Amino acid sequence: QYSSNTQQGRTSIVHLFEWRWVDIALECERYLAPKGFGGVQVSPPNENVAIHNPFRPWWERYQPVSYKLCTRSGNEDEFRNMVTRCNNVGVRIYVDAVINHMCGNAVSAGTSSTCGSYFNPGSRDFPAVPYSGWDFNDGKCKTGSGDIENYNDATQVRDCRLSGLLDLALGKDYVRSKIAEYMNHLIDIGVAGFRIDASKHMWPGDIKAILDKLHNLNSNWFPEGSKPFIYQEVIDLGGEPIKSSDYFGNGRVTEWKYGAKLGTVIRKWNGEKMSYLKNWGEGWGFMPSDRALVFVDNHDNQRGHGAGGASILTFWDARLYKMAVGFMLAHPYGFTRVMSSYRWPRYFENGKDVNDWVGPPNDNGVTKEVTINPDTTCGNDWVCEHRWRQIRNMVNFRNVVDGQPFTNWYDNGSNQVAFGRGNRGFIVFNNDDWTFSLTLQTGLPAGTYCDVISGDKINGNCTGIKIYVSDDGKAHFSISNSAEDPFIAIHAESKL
């Protein structure tokens, strides 16, 4: 469960949040493959409630109605097509598995679902599965409301309803089997692994019992004996009786401390500066690198949900965001996931984004295709961060330096830092309010290197800054504090 199962030389997953399957399939072929992306996390591919008040929010996808592969992202033929086409060019698909629960208990019975399946929350009836009242934790939960009231009580966090979401009885073999049946459907199609939604809300042992029933990965694409990559969503910033480490048996876990801390550092909030990153990783109290799934922002916390609060950096704070993502992708700690977002009409009112619920760009609820502009950005309000040159090139920097040790660290005692990854790459950051102008040891072979942040290597030349490493490995760097991207990255494959 710990191996990503990406092709060799590919080291990151991108969350193509709310994208349609036909658009992901094409994106695999025209961009993700040639740019060395390891894989794609997809939005939940199983039928959900169509919530019309408010109008088709992103979070309707976290309220299952069945395990039919029938969503606003597309139907089962399209899902299958996407997975095949992506695997065929060496790009993996990881599914957002929503397995803790079905829909909200107070949602109306009917066929308001992405595939038209009938369901009845009040009578606990999901006949497209099928599930009935026997399959939920109503009699196990010991709270008065039946919902989770107190996170200091680990038992109720598992057995009671998360904000009224009907809590599946994952202690029962029948439920475990229906869920395993769904995941095996996906595995056999070609899926390489899963993001396990709401993992904190499930017993580690129950997740174990589900994983036990799963196939090895599809043997046309994966070496026989391959197990799905598993990364479990657990928000653990400390102080709770439930801990990220409690889930290590099943796979990797999301390290939400990562982006929260990094956001604070890059904003220079709370007395924090980049020189303190010399011991980034377990030195900052994070989980082991070999279990961490790390990220600057995710789909929840980029809009003030889950955890991290105000320190979280997003495409909205583009300049600082690029630096944060670049530091992530250069640093050996964790397995890296890059967000890819859509622009929504963000509007604050006494501190809240009242449009934090808004779903993807749409025409009367039909998700818009992803168009690609002339300059290779996206239209139709798709932000496509993974296509920003500064991010895309840092995704390849992580590939090129894969396995190399953190070395040649430099800092000025403030916010001017640099470090290398063995002899394959070097990166330099200026987050101070004055210029960074200094000759530094890079660890690299002598040569002329393109800066992959300001530009690209194209057949014998560079479209941006050029860095000149001398025979002793030293090279001069000059980054103004008013630079739009106040960092520079070079590596073995950016060398002329």
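All residue numbers refer to positions in the sequence shown, first residue = 1.
The PDB entry records a higher mean C-alpha B factor for 475 to 483 than for its counterpart among 11 to 19 and 475 to 483. Relative to its counterpart among 364 to 372 and 144 to 152, 144 to 152 has the higher mean temperature factor, C-alpha atoms as listed in the PDB entry.
Across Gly326, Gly259, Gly104, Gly90, the entry's maximum B-factor at the CA atom is seen for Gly104. For the set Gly425, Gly193, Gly116, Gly334, the maximum C-alpha B-factor listed in the entry falls on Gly116.
For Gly447, the recorded CA B-factor ranks within the middle third of the chain. Only modelled residues enter the ranking.
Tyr67: CA B factor lies in the middle third for its chain, per the PDB record. In the PDB entry, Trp58 places in the middle third of its chain by CA B-factor. Ranked against the other modelled residues of its chain, the C-alpha B-factor of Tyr468 as given in the entry falls in the middle third.
In the deposited entry, the Cα temperature factor of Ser454 places it in the lowest third of its chain's modelled residues.
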